[PDB]
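Reading the structure
What follows is the residue order along each chain.
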Amino acid sequence: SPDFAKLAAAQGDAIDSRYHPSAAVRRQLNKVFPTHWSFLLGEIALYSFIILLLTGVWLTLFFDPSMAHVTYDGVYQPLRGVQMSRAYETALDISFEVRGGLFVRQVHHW
Amino acid sequence: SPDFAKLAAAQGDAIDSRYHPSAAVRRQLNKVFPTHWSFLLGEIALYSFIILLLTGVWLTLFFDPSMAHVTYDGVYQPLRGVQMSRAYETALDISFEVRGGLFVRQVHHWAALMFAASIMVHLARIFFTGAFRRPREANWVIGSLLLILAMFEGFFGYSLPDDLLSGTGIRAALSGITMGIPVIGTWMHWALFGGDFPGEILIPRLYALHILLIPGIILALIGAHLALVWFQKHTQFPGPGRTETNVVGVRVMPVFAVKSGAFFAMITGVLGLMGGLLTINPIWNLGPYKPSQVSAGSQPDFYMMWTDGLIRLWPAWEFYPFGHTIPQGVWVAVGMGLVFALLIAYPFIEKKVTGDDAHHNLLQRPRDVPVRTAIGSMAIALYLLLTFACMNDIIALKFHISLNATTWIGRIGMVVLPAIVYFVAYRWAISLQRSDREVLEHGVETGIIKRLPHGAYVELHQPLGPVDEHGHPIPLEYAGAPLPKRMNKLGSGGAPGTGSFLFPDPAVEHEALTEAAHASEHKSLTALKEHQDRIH
Amino acid sequence: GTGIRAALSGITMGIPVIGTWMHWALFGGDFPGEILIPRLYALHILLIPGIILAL
Amino acid sequence: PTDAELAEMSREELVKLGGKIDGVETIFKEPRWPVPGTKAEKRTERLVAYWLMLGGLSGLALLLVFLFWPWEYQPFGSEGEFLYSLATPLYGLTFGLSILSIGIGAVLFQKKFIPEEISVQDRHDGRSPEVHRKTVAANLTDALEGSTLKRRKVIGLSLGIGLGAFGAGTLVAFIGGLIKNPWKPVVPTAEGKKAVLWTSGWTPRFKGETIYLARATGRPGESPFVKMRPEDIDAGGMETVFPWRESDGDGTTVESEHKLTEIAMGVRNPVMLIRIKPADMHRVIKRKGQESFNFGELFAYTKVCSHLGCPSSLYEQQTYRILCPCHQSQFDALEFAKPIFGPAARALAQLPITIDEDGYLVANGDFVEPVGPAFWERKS
Amino acid sequence: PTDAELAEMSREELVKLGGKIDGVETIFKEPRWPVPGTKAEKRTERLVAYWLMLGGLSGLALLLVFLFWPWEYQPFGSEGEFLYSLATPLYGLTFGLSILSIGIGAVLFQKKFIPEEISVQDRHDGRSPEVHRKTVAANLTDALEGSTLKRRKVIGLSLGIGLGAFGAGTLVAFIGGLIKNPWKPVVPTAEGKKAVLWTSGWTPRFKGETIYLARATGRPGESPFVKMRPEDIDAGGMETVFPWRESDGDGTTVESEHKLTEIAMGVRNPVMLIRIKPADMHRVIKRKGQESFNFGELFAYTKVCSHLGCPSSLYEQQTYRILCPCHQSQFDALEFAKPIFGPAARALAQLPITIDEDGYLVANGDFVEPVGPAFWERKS
Amino acid sequence: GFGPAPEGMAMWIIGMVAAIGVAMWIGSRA
Ligand SMILES: CCCCCCCCCCCCCCCCCC(=O)OC[C@H](COP(=O)([O-])OCC(O)COP(=O)([O-])OC[C@@H](COC(=O)CCCCCCCCCCCCCCCCC)OC(=O)CCCCCCCCCCCCCCCCC)OC(=O)CCCCCCCCCCCCCCCCC
Ligand SMILES: CC(C)=CCC/C(C)=C/CC/C(C)=C/CC/C(C)=C/CC/C(C)=C\CC/C(C)=C\CC/C(C)=C\CC/C(C)=C/CC/C(C)=C/CC1=C(C)C(=O)c2ccccc2C1=O
Ligand SMILES: CC(C)=CCC/C(C)=C/CC/C(C)=C/CC/C(C)=C\CC/C(C)=C/CC/C(C)=C\CC/C(C)=C\CC/C(C)=C\CC/C(C)=C/CC1=C(C)C(=O)c2ccccc2C1=O
Ligand code: HEM
Ligand code: HEM
Ligand code: FES
Ligand code: FES
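Conventions adopted
- Residues numbered from 1 in each chain as written, not as in the entry; some residues may be left out.
- Chains lettered and ligands numbered in written order.
- Part of a larger assembly, values for the part shown.
- Heavy atoms only, no water.
- Residues with missing side-chain atoms left out of burial classes, pairs and counts.
- UniProt positions renumbered as here; feature names shortened; annotations may be inferred.
- Helix = DSSP H or I, 4+ residues; strand = E, 2+ residues; numbered from the N terminus.
- Rg over C-alpha atoms; globule rule 2.2 N^0.38 Å.
- Contact = heavy atoms within 4.5 Å.
- Salt bridge = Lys/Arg side-chain N within 4 Å of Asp/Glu carboxyl O.
- Buried < 20%, exposed > 50% of the residue type's maximum accessible area, 1.4 Å probe, protein only.
- Near = heavy atom within 4 Å.
- Polar contact = N/O pair within 3.5 Å; in protein donor to acceptor, adjacent residues only side chain to side chain.
- Buried area = accessible area lost by both parts, 1.4 Å probe.
- Pairing = 2+ DSSP bridges.
- Donors = N, O, S within 2.8 Å, 3.2 Å for Na, K, Ca; no water.
- Tetrahedral: all angles 85-135°; square planar, octahedral: opposite > 155°, others 65-115°.
- Axes fitted to C-alpha atoms, helices over the stretch in contact; angles between N-to-C directions.
- Core = buried A, V, L, I, M, F, W, Y, C linked by side-chain atoms within 4.5 Å.

The deposited coordinates, according to the entry record, derive from cryo-EM at 3.3 Å resolution.

Per the PDB entry, chain D goes by Ubiquinol-cytochrome c reductase iron-sulfur subunit and derives from Mycobacterium smegmatis. Recorded under Sequence similarities (unreviewed entry), the UniProt text for chain D is reproduced unchanged: "Belongs to the Rieske iron-sulfur protein family." Recorded under Subcellular location (unreviewed entry), the UniProt text for chain D is reproduced unchanged: "Cell membrane".

Under the PDB entry, the name given to chain C is Ubiquinol-cytochrome C reductase QcrB, and the source organism is Mycobacterium smegmatis MC2 155.

1. Digging into the overall build of chain D
For chain D, the count of helices and strands is 7 helices and 11 strands. For 380 residues, the compact-globule formula gives about 21 Å, and the C-alpha radius of gyration of chain D, at 39 Å, lies well above that figure. The principal-axis extent of the C-alpha atoms belonging to chain D is close to 115 × 85 × 45 Å. Within chain D, counting contacts between residues at least 6 apart in sequence, those at least 24 apart form 59% of the total.

2. A look at the pattern of salt bridges
The tally for this structure, following the rule as stated, stands at 50 salt bridges over all chains. Salt-bridge contacts for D357 of chain B lead to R134 of chain B; the nearest nitrogen and oxygen are separated by 2.9 Å. A residue pair is termed long-range when its members are at least 10 positions apart, and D357 of chain B in the loop between helix 12 (346–354) and helix 13 (370–386) and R134 of chain B in the loop between helix 4 (101–129) and helix 5 (137–155) qualify at 223 residues. Judged by its relative accessible area of 47%, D357 of chain B falls in the partly exposed class. In this structure, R534 of chain B engages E25 of chain D in a salt bridge whose closest nitrogen and oxygen atoms are separated by 3.9 Å. One end of the pair, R534 of chain B, is in helix 18 (residues 525–535); the other, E25 of chain D, is in strand 1 (residues 24–30), on a second chain. On the basis of relative accessibility, which here comes to 35%, the residue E25 of chain D falls in the partly exposed class. Each of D142 and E145 of chain D together with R11, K29 and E117 of chain E takes part in one network of salt bridges that share partners.

3. Notes on the site of ligand 4
Residue and element names in this part refer to chain B. Taken together, 23 residues lie near ligand 4, and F39, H122, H225, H234 and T235 sit nearest. Here a nitrogen atom of ligand 4 sits 3.0 Å away from a polar atom, N or O, in the side chain of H122. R125 is positioned with one of its side-chain polar atoms (N or O) 3.0 Å from an oxygen atom of ligand 4. Secondary structure elements with two or more residues in the shell around ligand 4: helix 2 (41–60), helix 4, helix 5 and helix 8 (202–230).

4. A look at the interface of chain B and chain D
Taken together, the contacts link 121 residues of chain B with 100 residues of chain D. Where chain B abuts chain D, roughly 9400 Å² becomes buried across the two surfaces, and 62% of that area is made up of carbon and sulfur atoms. Taken as a group, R99, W187 and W190 of chain B account for 8% of the area that chain B buries against chain D, more than any other trio of residues on that side. On the surface where chain B and chain D come into contact, there are 5 salt bridges. A salt bridge links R26 of chain B to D22 of chain D; the nearest nitrogen and oxygen atoms lie 3.8 Å apart. Between the two partners, chain B and chain D, sit 23 residue pairs in polar contact. For the side of chain B that touches chain D, the element with the highest residue contribution is helix 9 (residues 261–277) of chain B, accounting for 10 residues. Sheet topology places strand 3 (residues 246–249) of chain B next to strand 2 (residues 116–122) of chain D; 4 bridges connect them, and they run antiparallel. Each bridged residue has a counterpart across the sheet, and for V247 of chain B the counterpart in strand 2 of chain D is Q121 of chain D.

5. Examining the coordination of the iron atom of ligand 5
Angles between donor atoms at a metal ideally measure 109.5 degrees for a four-coordinate tetrahedral arrangement and either 90 or 180 degrees for a six-coordinate octahedral one. All names here are of chain B. Taken together, the protein donors to the iron atom of ligand 5 comprise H108 (NE2) and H210 (NE2), at separations of 2.6 Å. The site at the iron atom of ligand 5 holds 6 donor atoms, and with the angles between them running 77 to 179°, its shape is irregular. One end of the pair, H108, is in helix 4; the other, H210, is in helix 8, with 102 residues separating them in the sequence. The class for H210 is buried, based on a relative accessible area of 15%.

6. Quick word on the sheet that holds strand 2 of chain D
The strands that make up a sheet are held in pairs by hydrogen bonds between backbone atoms, and each pair lies either parallel or antiparallel. Strand order in this open sheet of 3 strands is 3(B)-2(D)-1(D), and the pairing throughout is antiparallel. At either margin of the open sheet sits one strand with a lone partner, and together these are strand 3 of chain B together with strand 1 of chain D. In this sheet, adjacent strand axes meet at a mean angle of 10° when their direction is disregarded.

7. Digging into the nonpolar core
Where a protein is soluble and globular, its nonpolar side chains tend to be buried together. Counting residues in each nonpolar core, the largest one holds 163 residues, and the members touching the most others are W110, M114, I170, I218, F263 and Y303 of chain B. Tallying contributions element by element places helix 4 of chain B first for this core, with 15 residues.

8. Considering the interface of chain C and chain E
On the chain E side, the residues contacting the 19 residues of chain C number 22 residues. Both faces combined, the contact of chain C with chain E buries some 1900 Å², and carbon together with sulfur accounts for 69% of it. Its largest share of buried area at the contact with chain E, chain C owes to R5, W21 and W24 of chain C, together 35% of the area lost on that side. Seen at the junction of chain C and chain E, the total is 1 salt bridge. A salt bridge links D30 of chain C to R268 of chain E; its shortest N-O distance comes to 2.4 Å. Across the chain C-chain E interface, the total number found is 3 residue pairs in polar contact. The biggest single contributor to the side of chain C that touches chain E is helix 1 (residues 2–11) of chain C, with 5 residues.

Written as C-alpha cells, this is what we have:
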C-alpha cells in the first residue's frame, strides 16, 4: 500500500544526504515578492516565450527551409502547379497536411 | 590619461554597490580543486564541446538542409551535372566555395571525435577510480546521458551531408533497425521519415534535432552536471593531507584559472592543427546519396562503431512466431538498450552486490578494487572487439587475414576475450597490490648490490620510514596513496647545475637557487606533515 | 517576401558607412539569392533564441 | 571581524581572514624566485615570452595566409593544384599553432611564476545541520497542510483528473500529427491501391504492362535508360537493371520526373541480371515457389539485401556470391540467393524474366516476397 | 538553534525560526475559513472543483475532437467544407479552454483556500559588509601583485600582442568567409563581362540579340512566354512583360531552367508596357537622355520602383500614376516617371521600344540608369 | 585510404595522446 508520507520523508533525507540543499532552498522559498498587478506584466513575456519554445520545437519537425524550386502537386487546389520554394511548400504542409498543424502554427504566431 | 588602478577600484565599487557579489564571489574564488591529471580528462570533453558550438554556428549559416534534387553546376569538376540533394551541394560549397570553409568544417568533425573520445576516457576515470559511489550517483546518471546523446548527436551530424557513405548508414540504422521492432516497427518508421525511405523530411528533421534539440539538452545537462561537481566538492585521491572531509588542492583565482584556461587554449590548438593538417570527411570523393549505388564499405565514426560490429557478429537468428517476423536487427536494438541500461544504472548494481552505502569522498585507487577493475576491462575488451569487427572489410584487405575468419574471431572472441580479460585483470590488480606491500615491508628496491665480505649479494633497500635497532625497517601501513618504487623519484637524482642548455651560470647563483629548492620542497613537506598530525 | 525586399534589401543597400558590401554578406549574392532562408532559419532557431534565452 | 581593525590589516592577513570564513587554509605558499639577482629568472621569463611571441607571430601569419593566399579550388591536372592544397593546411598550422603557443606560454607562467600554493578546504558535505533540515521540512509541510488540500478530496482529486485529461490532450496533439498510417492504400497497382512496402516498382500497374529490364548508361538518374538484349552479357554480367515502364522516355521535363522516382526516390527498384555460365547448371537449386522465374541461365535477384537493405553490389564472378558491402552477408547465387554467411537470414527476392516478341528482356510481374528488410507485418 | 530544543518546537514555531534566519517576518497569516462547518465553505470548494472538472472534461474533448474529427482539407464549394472550417476552432476552444479553466480553478483555490499572508523581508542590498568587501579586493590583488605580472614587462606586453594577433586572427577567419565582392565580373554581356547591378536581364549578350518584350499567359511559373504585338492593347495597357531569350521555347528541361532564372531567380526584369491614349500626347515631357525611347504611344518603365525595390503595379488610368503598394511613391508616367509623392526621389528607368520586321515588340538594349534601389556606388 | 576507420586511429594516437599528455604535464600525480 502506498503511503506518500514516509515515502516523501525518506526521499528528502536522500536528497539532503547526497546533496545538501537545506539552507539553500529555504532562502529561495522564503523569498518575498510584492503582490501587484503590474509586476505580472513581465511574466507574460516570460510565459509567451515558453510557448514559442514548445510550439516552435514542434514546428521545426515539419518545416524544410530551403529555397530550391519545386512544383506543388499537393492538396491545396488553387496553388497547384506553381513554382514555389520548398520553404513555402512545407509551410503549406504544416497548414494542410499535418493533423492539427494549422493550430500549432497559428498559436505560434499569436 | 589611463590609470588602471583607480579605475579598477572605482568600477569594482560600482559593482559592489548596485549588486553585492563579494560575499558570494569569494566563496567561489576560494574554491579548492584537486590538482591531478585525471581530473582534467573531463575538461577535454568540455573544451571540445565549446569548439563544436563555435565552429558549428559558423557552418550553420551556410548549410541548407533540404533533400530537394538539384544539379551541381559549380566548381568541383568530377561532380558536374550530377543529380544531388541540396544538402550535398551546400556541403560541397562550404568545402570549396567559401574562404576557410573546409577548415572550419574539418575542425568541427575532429572536435566531434575529441568530444566523444574524451567522454570515453572520462568514463574510464569515473568508473575505475570509483568516483560515483555515494553522493555522485545522480552525477553518473546525468553524466551517462551525455554519452548516449553524444552517440546520437554525432550520428545525426554526418548524416546531414547526405553522402553515399553516410546515406547507407541511415538505410542500415534508421530504416533497418527501426523497422524490425516487434510491438510497432513499421509505425515508428513512418513517424520518423514521413513515409518510406528516403522521403523528403528526414534531413530537415535531422537538422533540427542536431542544432536545436540535442545540443539544447546536452548544454542543459552539462549545466546540471558541472553544478553537481562545483557544489559537491570534487573528489580526491587519498594521500598525506587528504582525510575524507577536506579538499587538498589549489584555489581558483591565481591557479586553476590559469591552468584550466591555458588548457582550453591547447585543446583548441590541437584541434586547429588536426582540422588543418589531417583531412577528415572527404565527402566529394564518394558521390551523392542515391539508393542505387554503394561504396566499398559502410561504417560509422568510432563512437558508433560498436553498434555496427554488434550487427555483424550476431548470426542470422530470426523467430517467425506467426504470420509476422522478428529479424536479426532487433538483437541490436535490444542489445543497445541493455548496454545503456547497465551503464546508467551501474552505481545501483554495485551497491546492491556490495552493500557500499556509506558516504565516500576519497577515490579508490583502481588496483585496490580488483573486481570492478576486472569488470571494467571486460567491458573495454568487449568494446574494443565490437569496434574492430565493424572494420573487418579493412582488416581483411590490409592485414590479409580473411573476411570469414574475422567474423569468427569476433563471434568466438565475443565470449572468450571478455572472459580471459576478466581473469588477467583480476590477477593484474592483486599483483599490483602485492607490489605495494613489498615496498612497505622491505622498502624501495634500490638497484645497488654491495657484495658483502662473505659473499651475500644484497640489494640496499631504502626503508621509507623509521628504522629498528636491527637493520630491518618497521612495516608501514597502506593508505591508498601511491607509493614510490624508484629512487630517482625520491629526489636522489639531484640538480644538473643551473644555467642554459649550453652555458652555465657562475655557480654563486647556483648555490643560492638549489638551496631554495631544498627549502621550498622541505617547507612544503613540513606543511603537509604538520597538517596531517593536526587532523589525527 | 516583399517585406524582405523592402527592409533587408533596400535599407542595407544604401548605408553610407560601408556601402553595399554588407548586402552580399547577408544574402550571398543578389536578392533573393539561394542562401537567404536557410540563413534566416539558423538565426531564428539557435542563434537569436540562444541569445534571448541567455539574456 | 570589526571595522576598527580592518583599517590596518595587511594584504596577507586579509587573505587568511578570507579563508577562515570559508574554511580554506593555504598551508604553504612560497614565491618561485626568492633570490633577486638570479640570471636564471631572466632566461625563464623570456622562455615564457618566446612562446607568447610565437602566438602573436603565428596569429599575424594566420591573418596573412588567410587574405593573401590562393584559396580558389583548382582541379587535379591544373597549375595551382599544389598551391591550393596548402591552403587548408596553412589555415591549421597558423591558427592552431598560435594558441598552442599561447597555451604553452600560459602554463609556463603557472609552472614558473605563479607561486605554488597547497590549499586545504573542509568540505561540509554529507548532511545538513539540524537547524536547516528541520526548518525546511516544517516549511514544506506547513505549506501543504496550511493549504488545506489534504482535507479537500474533491479539489485534489479533480485536479489529477484535470491535469490528466489535459496531459492526455497535448501528448496526443503533440504526437498525433506525425503518426502516419503505414498500410494506407496509396500505390495504384493492377490489383488497385496497395500499400507502400508491398509495392516495388516492378509491380505491374495494369495486367499486361511489360516492365523492361533496362540498364542505364552510367550515373543512372539523369541518364536515359536503354533496353537490354539477352545476349548483352556473357558470364556473370551482374548488370543492374531498373524498371523502365516503356512509356517514360527522356528529353522533356514532364517525363523526366518519372526517372527520378525510379532511382533517387525509388528504393527496391534495382535487380541484378546474373548470367550463370552454361558449364555449371546442374549445381543450381531452384526455390519451391520460384521454379521457373528464369529465362535461360539469366537470373534476376534484387540488389536490396534481405538484412537492413544496403544494395549488395559486389558479385565476384568466379564463385557465385552476392557479397554485400555493408555487413557482408554473401548470398549464394546458385541456390536462389540463400545466405551462406553473414547476419542475413532470408533469400533475395527473385524476379521472373521472359523475352519480348522483339527480343528484349521483360519481367513477368512482381516478386513473391516483399523486397524490404523484414518489417514486423511480413509473412516470412 | 540547538538540537535539544528542535525536537519539541511545533510546526508553527519552526516557520518563525526559519524566517528569522532568512530575515522574513510573517506579520499577518490567518486561514481563510475559521468556522468549521459553514455551508459556504462547501459551495466554494465545489466551485473550485467545477473549474477543475471543466478542464478534465474539455481536455478530454480535445482528445476526442483531435482523433475523431474530419480534419482533411476540403475545397471551397465542396460538401464537407463546413466540418473542415470548424477543425482548428475545435482545437482551440478545447485545448485552450481546458487550461484556462484549470488556471481559473487554481487561482480560485489560492484566493479562497490558501491563507492570506503578509510577509516582510529586509533586503540586505546596497553594499556588502566591510569584512566581505575587504577580503575580496585583497584577494583579487594578491593573485595579481603576488603573481608578479606587473614587474614582468616582457610577458604582459607580448601577451597583449599574442592575444591581440589571435583575436585579429579568428575575427578575420570567422567573418571573412562570408564577405563577397559585389563588383566581380560575373554576367557575360557584350561590353566585356560587366558586373552585377549593371546587368538587369535586358543587357544584350551580343550586338543583335533582340530581346523580345514577351508577356506571361497567367501563372508565370510553367507558362510559356508568348510574344506581344503593339496593337494588342487598346488604351491603358498595364501588361507586365519579361525578357525573352528567343532561344528557349517550352517543354524541355534544359530550357525550362532559363525561365526559372527569368522571374523567380531574377529580380529587376519585369517592366510595365504602358500605353498612352492619343488624346493626351502634348502633355508628355520626355527625359533629357531618354528622348526617343518610345514607339507609337507606348512606354516601358520598370516595375521595380526607384526606392527600396517593390514592384510598382497600380496603374491609375484616369490620371497616370504608378502607385506602388509598399511605400506609396506615385510616379508620374507623363513626366518620365518622376515621383509626385512618397519617399522616392528618383525616376524609373525607361526601356526603349522598337517594332520587329515581323511586327513584334523588341527592346533596343538595356536601360540608361540601373534599375536598383539606389545602391552606394551609383553613377546617377 | 579514407573513411572513418583512419579517422579513429588518427584520433586516439594523435589527438588524445596530445590531450592526455598535456593534461599529465599541467596536472600532478597523487
Ligand atoms: C606523434 C604521435 C603523437 C603526437 C602527440 C605529440 C604530443 C604528445 C605528448 C605531449 C607532451 C607534453 C608537452 C609539453 C611538455 C614539454 C616537456 C617539458 O618541458 O617537461 C617535461 C615533462 C614534465 O612532466 P611533469 O608534470 O613535470 O612530471 C613528470 C615527472 O618528472 C616524471 O614523470 P614519469 O616518471 O612518470 O614519466 C614521464 C613520461 C614517461 O617517459 C617517456 O615515455 C618519455 C616519452 C618521450 C616522447 C618522445 C617524443 C614523442 C613522439 C615521438 C615521435 C617521433 C617521430 C616518429 C616519426 C616516424 C616517421 C617515419 O611520461 C610522460 O611524460 C607522458 C607522455 C605521453 C606521450 C607518450 C606517447 C605515446 C604514443 C606515441 C605515438 C606518437 C604518435 C605517432 C603517430 C604516427 C607518427 C606521426 O615531461 C613530459 O611530459 C615529457 C614529454 C615528452 C614530449 C616532448 C616532445 C613534445 C611533442 C611534440 C613533438 C614536436 C616537436 C619536435 C620537433 C621540433 C624540434 C625542435
Ligand atoms: C542552460 C543552463 C546552463 C542550464 C543549467 C541550469 C540547471 C539545470 C541548473 C541545475 C543546478 C543544480 C542541479 C544544482 C544542484 C547542486 C546543488 C547540490 C545545489 C545545492 C547548493 C549547495 C550545495 C550549497 C549552497 C551554496 C550556496 C549557499 C551559495 C552558492 C552561491 C554562490 C556562492 C554563487 C552562485 C553560484 C555560481 C555563480 C556558480 C558558478 C559555478 C559554476 C556553475 C561554474 C561552471 C564551471 C565552469 C565554468 C568550469 O570551467 C569548470 C571546470 C571544472 C570543473 C567545474 C567547472 C564548473 O563547474
Ligand atoms: C569503462 C567502461 C566501459 C565501463 C562500463 C562498465 C559497465 C557498467 C559495463 C556494462 C555496460 C557494458 C556491457 C558495456 C560494454 C561496452 C560497450 C558496448 C560500450 C561502452 C563504451 C564505452 C563507454 C567505452 C569506454 C572505454 C574506452 C574505449 C576507453 C577508455 C579510455 C582508456 C582507458 C584508454 C584510452 C587510451 C588512449 C587515450 C589511447 C590509446 C590508443 C589506443 C590504441 C586506443 C584504442 C582504441 C580505441 C579505444 C578505440 O575506440 C578505437 C576506435 C577506432 C579505431 C581505433 C581505436 C583504438 O585504437
Ligand atoms: C559518460 C558521461 C559522463 C559521466 C558518467 C560523468 C561523470 C562524472 C563524475 C562522476 C564527475 C565527478 C567526479 C568527482 O566528483 O570527482 C564528473 C566530473 C566532471 N565532468 Fe563528467 N561525466 C561524463 C561526461 C562528461 C562530459 C561529456 C563532460 C563535458 C562537458 C564532462 C565534464 C566534467 C567536468 C568538467 C567535471 C569536473 C572536473 C572533472 O572531474 O573532470 N563530463 N563527471
Ligand atoms: C556539441 C555536439 C555536436 C557534435 C558532436 C556535432 C557533430 C557533428 C558532426 C560529426 C558533423 C558532420 C561534419 C561533416 O559534415 O563533416 C556535424 C555537422 C554539423 N553540425 Fe554539429 N555537432 C554538434 C553540435 C552542433 C551545434 C550546436 C550546431 C549548431 C550551431 C551544429 C551545426 C552543425 C552543422 C550545420 C553541420 C553541417 C556542416 C557540414 O555538413 O559540414 N552542430 N556536427
Ligand atoms: S547490409 Fe547486407 S546484411 Fe546488413
Ligand atoms: S518600396 Fe515601393 S517605394 Fe519604398
